[PDB]
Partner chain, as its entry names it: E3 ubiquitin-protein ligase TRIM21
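Encoded as structure tokens, the following chain is the form solved without the partner chain, with no partner shown.
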């Protein structure tokens, strides 16, 4: 193939790969799994000071062919006890749903995920039982979250 004919989504993803190589978000890395620019993995170390500290979390990231005009699909592959992340690893984050903009980048998405790990949104939960426990019994929520981090993410 003549690289002069690379698609606009492939060129944009390559630029975001360079960006994230030179200046990754704290406690994050991400890039293509292999030779397909549209299929990435990310590693997130649980934020220090949070209930996820010591955990190593793996995420799958898939870019669509019309990137940056649709958000990437980002899922957790490691189990995590968090009221905005379900058992299938789906992430309830508005910029991945109906509030995406083409000025956002995979680095900003990963920054937002890290912020969500440290500060969840219990009023828009994917896992209602966890949101309720966060609200009514935060100390037991945190015990559980640290237990799952040790059991499933170390």
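Residue numbers count along the first chain shown, from 1. Whichever C-alpha set is largest while still superposing within 1.5 Å between the two forms counts as the rigid core. Residues that one form lacks are left out of the comparison.
What follows is about the form deposited with the partner chain bound, which we do not show.
Chemist: Which one, 43-51, 25-33, 98-106, 112-120, holds residues whose non-hydrogen atoms are within 4.5 Å of the partner chain in the entry with it bound?
Modeler: One stretch meets the cut-off, namely 98-106.
Chemist: Report whether the minimum heavy atom distance between residue 138 and the partner chain in the entry with it bound is within 4.5 Å.
Modeler: No - in the entry with it bound, heavy atoms of residue 138 and the partner chain never come within 4.5 Å of each other.
Chemist: Might residue 55 be said to contact the partner chain in the entry with it bound, defining contact as any heavy atom within 4.5 Å?
Modeler: Judged by the heavy-atom cut-off of 4.5 Å, residue 55 is well away from the partner chain in the entry with it bound.
Chemist: Looking in the entry with it bound, any heavy atom of residue 146 within 4.5 Å of the partner chain?
Modeler: No.
Chemist: With the rigid core superposed, where do three or more consecutive residues all shift their C-alphas by 2 angstroms or more between this form and the one not shown?
Modeler: Moving region between this form and the one not shown: 3-6, nothing else.
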